[PDB]
Every structure is written in C-alpha cells, then in structure tokens.
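Proteins get letters first, then strands, A, B, ... in listed order; numbering begins at 1 in each. All values below come from the heavy atoms of this structure, side chains included, with hydrogens, waters and symmetry mates left out.
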Amino acid sequence: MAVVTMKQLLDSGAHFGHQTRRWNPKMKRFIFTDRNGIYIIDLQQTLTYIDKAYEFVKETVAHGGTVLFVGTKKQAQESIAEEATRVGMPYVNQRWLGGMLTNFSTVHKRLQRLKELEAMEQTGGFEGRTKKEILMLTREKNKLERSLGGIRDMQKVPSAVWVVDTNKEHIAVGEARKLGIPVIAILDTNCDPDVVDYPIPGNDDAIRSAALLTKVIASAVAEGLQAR
RNA sequence: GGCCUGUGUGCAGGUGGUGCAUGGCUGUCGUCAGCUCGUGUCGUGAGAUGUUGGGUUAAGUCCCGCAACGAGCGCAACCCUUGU
C-alpha cells in the first residue's frame, strides 16, 4: 500500500541515481538500467520498500516511538524542516553533532542550557548582562538553535531515524547502528543498503524527491499518531 | 600557689648532618600560552579526537567548518596606580 506511485514519483526525478563511477554495487538489487551515464532505480522495489517502512513507522509510533529526521543536505533540509515542524517531531537539518543520540546525555544538558537562555530571554534580563555578554550569548543561542533547535523538546533516546544521503550523514547512521536504532533512509547508488534496515531507494540529490519522501514519511508518522 | 635550692630523674638544647626523606616559601622555562578532564567516537592497544584545518588574535582570543559535544585550570576581565 502506497499513497503515491511511479508517475507522481518520477515526476520529480527520484528514479535517477548518480554516475556509473560512484556507486556501491550492492545496489544491483535495486538497479533498473543505465542511461545518460547514470543508473536508474527500480521504482517497484521503491514502492514495496515504501510499504515496508510505512508499516514500520506506523506500528512504532502507535506503540510509542519517535523518528529523528536528518537531512543536513541542502537539497532536502528546508523540506525536512517543514514536515518536521508540521508534525512536531525531532529533526536536524543544519549539522549533525557527533554524539547527538549516543552522547545524548551531554547534548541534552546543552538543551537544558538552551532552555535556560530562553528563560533568560523571557525575563528580558539585559541590564545586568553587559554588551559583549548579550552579543556572545545571542550568538551562542543562535548556534544552539541552528544545531539543536529542531529537537528542543526531545528527551527521548528515540526508536527510529530517517536519513537523507547516508554518504553525507554517515555519522548518524553509525550512531544509530551502534545504539541499536532502526534507520529508514533514501538509498541512492552511492549509498550502502547493508547499514539501512528498511530502505527507500530514491534520489538524494533531488529537492522535489527528498521533499516527497519526507512528506510520505511525515504522513505515516501522522497516522501513527492519530492511531493513538 | 608562686619562687627558686639542689638530689637528680624525665629532659631541655643543638645555625650538628641528610633540601636525593619532607612541608612551607621561592626561583626558573615564562606572564610563554599552553595544560588537561568527562562523555562520545576511532583504534587490539599505547594512544588519537576534542586541542587539528581556513582566517583572526597579544592570547587554545574569537569566528567558520569539523566525530565531536562540553567543561576546567590558564588568557582576558574583576584589583591598585597613572591619565580627563
């Protein structure tokens, strides 16, 4: 079962991959052909694996669970932010700090610092805070927001992750597979299916495709919530 | 009770030794800006990362990046004096 299909999928350009000289030949299971020097992806496999991952995220969220959206790539980051802001789920789209989920104690302590600074802002304490103090702490708040702002309310150690461009975000994949978390991911030709559990073999270098895949995963988690 | 008196007894006393047994204090590299730690990660491991890289700074000062995130001692500032 899929909310979308080949037509409204390849309207974007998800069927594309990368050139024939940058690819993991584990992808052969998902290769369709080679055209214009790039490989083309088996969208039937993408549909059945979309169904797999949809059922996965649905049952996890219904049992009580959370997905971390990670799309630091420029091609996807704004869409990732949009869907994650809509559904109200944790996300990062600017940078992955090494240790977000495996040094989560420390990263959560710095989230507590962010909330302390936001309570400071609520108090509007500006007169006891000198000028360089105000400016350096605003810069620090902006750093903490750019990095962790998408997960202000996390305190989870979550149950799933949603990756764009494993090659770009190999740190999150390693942290997940080290801590025992499942990762759904957009598998392009340059990616590795051995690390991804419930993949989604689309394009990562295409903004429309990444937005579309984030949208269907967003809808899946929304229905997993509505099933509560 | 104090005070001495001696019998002495304990013992005081030693600027007598060892600063290669020691504290304390000090010098010194150097007021140089560096030295470290927790967690995480990499590595069989010693260890590495952080703390490297680009730029900037008097400065590990700060920024941008970055499997690192942070913290601490140091930097700077708080102090005195001089200058309106």
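- Judged as a ring pair (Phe, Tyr, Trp, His ring centres under 6.0 Å), and not counting sequence neighbours, the contacts of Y39(A) are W23(A).
- Boundaries of the chain A contact region on RNA chain B are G38(B) to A71(B), first to last in 5' to 3' order (nucleotide atom under 4.0 Å from a heavy atom).
- When Watson-Crick and G-U wobble pairs are counted only if both distances are under 3.5 Å, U44(B) pairs with no nucleotide at all.
- For the P atoms, the distance linking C69(B) with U49(B) amounts to 14 Å, nearest Å.
- Each of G99(A) and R139(A) has a nearest nucleotide on RNA chain B; the 5'-most of these lies closest to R139(A).
- Residue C191(A) comes nearest to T166(A) through the heavy atom pair CB-OG1, 3.3 Å, listed as atom of the first residue, atom of the second, then distance.
- Residue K143(A) is in sugar-phosphate contact alone, with no base atom involved, counting any heavy-atom pair closer than 4.0 Å across all strands shown.
- Under the 4.5 Å side-chain heavy-atom criterion for ILVMFWY residues, a single connected hydrophobic cluster contains both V70(A) and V195(A).
- Remark: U51(B) and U52(B) are not stacked on each other (six-membered ring centres under 5.5 Å, interplanar angle under 30° not both met).
- Base stacking is present between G17(B) and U18(B); both the centre distance of their six-membered rings (under 5.5 Å) and the plane angle (under 30°) fall inside the limits.
- Partners of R177(A) by side chain to side chain donor-acceptor pair (under 3.5 Å), not counting sequence neighbours, listed by chain and number: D197(A).
- A positive value of the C1'-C2'-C3'-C4' dihedral assigns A59(B) to the north, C3'-endo side.
- With contacts defined as side-chain heavy-atom distances shorter than 4.5 Å, the pair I40(A)/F16(A) qualifies.
- The same atom, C1', is picked in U82(B) and in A33(B); the two are 29 Å apart, to the nearest Å.
- Taken residue by residue, residues 173-187 of chain A places heavy atoms nearer than 4.0 Å to RNA chain B at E175(A), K178(A).
- Nucleotide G14(B) forms no Watson-Crick or G-U wobble pair with any nucleotide shown, as no partner meets the under 3.5 Å limit on both distances.
- Mapping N103(A) and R110(A) onto RNA chain B by nearest heavy atom places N103(A) closer to the 5' end of the strand.
- Among the protein residues, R113(A) comes within range of no part of the nucleic acid, since none of its heavy atoms lies under 4.0 Å from any strand.
- Atom P of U31(B) sits at a distance of 36 Å from the matching atom of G17(B), rounded to the whole Å.
- Within the nucleic acid shown, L97(A) comes within 4.0 Å of sugar-phosphate atoms alone, with no base atom in reach, counting heavy atoms only.
- Annotation: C78(B) and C64(B) have their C1' atoms spaced 31 Å apart (nearest Å).
- Heavy atoms only, all atoms of each residue included: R152(A) and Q155(A) are closest at O-OE1, 4.4 Å.
- For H18(A), the side chain to side chain donor-acceptor pair (under 3.5 Å) criterion is met by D188(A), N190(A), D204(A), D205(A), not counting sequence neighbours.
- For the adjacent pair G30(B) and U31(B), the base rings do not count as stacked by a centre distance under 5.5 Å and plane angle under 30°.
- The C1'-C2'-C3'-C4' torsion of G38(B) is positive. Its sugar is therefore classed as north.
- Across all strands shown, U84(B) forms no Watson-Crick or G-U wobble pair with both key distances under 3.5 Å.
- Base pairing of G70(B): its partner is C37(B), meeting the Watson-Crick or G-U wobble criterion (both donor-acceptor distances under 3.5 Å).
- Under the rule of centres below 5.5 angstrom and planes below 30 degrees, the bases of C78(B) and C79(B) are not stacked.
- The torsion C1'-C2'-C3'-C4' is the criterion here, and for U61(B) it is positive, giving a north pucker.
- Base pairing of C4(B) is not made with any nucleotide, judged by Watson-Crick or G-U wobble geometry with both donor-acceptor distances under 3.5 Å.
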Expected list for residues 102-111 of chain A: side-chain donor-acceptor pairs under 3.5 angstrom, two or more places apart:
unit_1  : atom_1 : unit_2  : atom_2 : d
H108(A) : NE2    : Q112(A) : OE1    : 3.3
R110(A) : NH2    : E140(A) : OE2    : 3.3

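- Taking the side chain as every heavy atom from C-beta outward, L117(A) and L144(A) approach each other to under 4.5 Å.
- Judged on ring centres (limit 5.5 Å) and ring planes (limit 30°), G60(B) and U61(B) do not form a stacked step.
- Counting only heavy atoms from C-beta outward, the side chains of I80(A) and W162(A) approach each other to under 4.5 Å.
- Straight-line distance between the P atoms of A46(B) and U39(B): roughly 14 Å, to the nearest whole Å.
- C25(B) and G19(B) have their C1' atoms separated by 13 Å, with the value rounded to a whole Å.
- When the pucker is read from the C1'-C2'-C3'-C4' torsion, the sugar belonging to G30(B) turns out south, on the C2'-endo side.
- Spacing between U57(B) and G40(B) at atom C1', rounded to whole Å, works out to 31 Å.
- In terms of heavy-atom proximity, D165(A) sits nearest to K73(A) at OD2-NZ, 2.6 Å.
- Sugar pucker of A71(B): north, as indicated by a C1'-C2'-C3'-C4' torsion of positive sign.
- A gap of 29 Å separates the P atoms of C37(B) and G55(B), to the nearest Å.
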